[PDB]
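Take the position in the sequence shown, starting the count at 1, then add 297; the result is the number in PDB author numbering.
Below is one structure, written out as structure tokens; the observations come after it.
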Amino acid sequence: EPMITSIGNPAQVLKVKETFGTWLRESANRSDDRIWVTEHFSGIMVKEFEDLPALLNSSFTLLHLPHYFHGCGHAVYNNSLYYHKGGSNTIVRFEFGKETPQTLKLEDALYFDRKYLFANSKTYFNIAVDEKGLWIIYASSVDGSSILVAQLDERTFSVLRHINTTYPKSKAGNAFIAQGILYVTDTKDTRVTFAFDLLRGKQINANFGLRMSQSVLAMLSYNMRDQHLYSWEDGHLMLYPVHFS
Ligand code: NA
């Protein structure tokens, strides 16, 4: 049982102009220092930064995606960007350098017309990677409400199972996944108030503070390589230490 019981004080990395965005780092290995950024909740470009100093100096190169993204729920893993293809129920896996895409359809997912998984961050899909798997958080188009998590096989970009948390998206601000546990924030994105053991398929007790700010939270992501939460909060890129008990 590695379960998170508290979150440390955040560190501010950088202030930027756009209210919504993502910032992403690799977690498959410890040799890649690149940082990727998307701005806004709709677009087709990604900014790539060589390392933290390049990020701090706004020194980026531009990557052109094969399809527009929606939302702020993307993830990077093993030199690939996973993102929601805007206007569809399709997830794109875009491999860097070779700059070519693969796709996965989630047939029973909400995906347009503001039927968001996380309304606060205009997000329909949240891809997450941790110590226990590659995951896609989404909301059911069948009941219109339930948060589901697809567990993927990374090597084949295919779905192994669809897990029903039974938790209604209207109660969720945002979420992240660590050591195989889904942690979901309240609607004001100040506390984690729900958790779900994805491997055992059951709710588990969790309630702990995340932050005091109530500025808009655009992105919230756990990185297993450094065991920090990464966030984008109204243009502030932040890092939070995590404490496991
Ligand atoms: Na998230």
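All C-beta atoms, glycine included, are put in the ideal place defined by N, C-alpha and C.
For residue i, the nearest candidate out of the options (CA to CA)
{"i": "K402", "options": "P363, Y435, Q500 and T335", "result": "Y435"}
{"i": "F366", "options": "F357, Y374, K382 and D483", "result": "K382"}
{"i": "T387", "options": "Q399, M509, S377 and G394", "result": "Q399"}
{"i": "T484", "options": "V456, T453, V513 and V426", "result": "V513"}
{"i": "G370", "options": "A492, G394, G305 and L414", "result": "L414"}
{"i": "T316", "options": "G305, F338 and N306", "result": "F338"}
{"i": "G394", "options": "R327, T490, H459 and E345", "result": "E345"}
{"i": "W333", "options": "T462, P307, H459 and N376", "result": "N376"}
Where residue i falls: helix, strand or coil (DSSP)
{"i": "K499", "result": "strand"}
{"i": "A469", "result": "coil"}
{"i": "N504", "result": "coil"}
{"i": "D486", "result": "coil"}
{"i": "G441", "result": "coil"}
{"i": "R322", "result": "strand"}
{"i": "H337", "result": "coil"}
{"i": "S455", "result": "strand"}
{"i": "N306", "result": "coil"}
Cβ-based burial, residue i [other Cβ within 10 Å; buried from 16]
{"i": "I444", "result": "buried"}
{"i": "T319", "result": "buried"}
{"i": "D410", "result": "exposed"}
{"i": "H540", "result": "exposed"}
{"i": "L479", "result": "buried"}
{"i": "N471", "result": "buried"}
{"i": "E392", "result": "exposed"}
{"i": "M509", "result": "exposed"}
{"i": "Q309", "result": "exposed"}
{"i": "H525", "result": "buried"}
{"i": "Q476", "result": "buried"}
C-beta atoms of residue i and residue j nearer than 9 angstroms
{"i": "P363", "j": "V343", "result": "no"}
{"i": "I301", "j": "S542", "result": "yes"}
Extract the residue ranges of the alpha helix (DSSP H) inside the segment 344-427, only unbroken runs of 4 or more that lie entirely within it.
349-353
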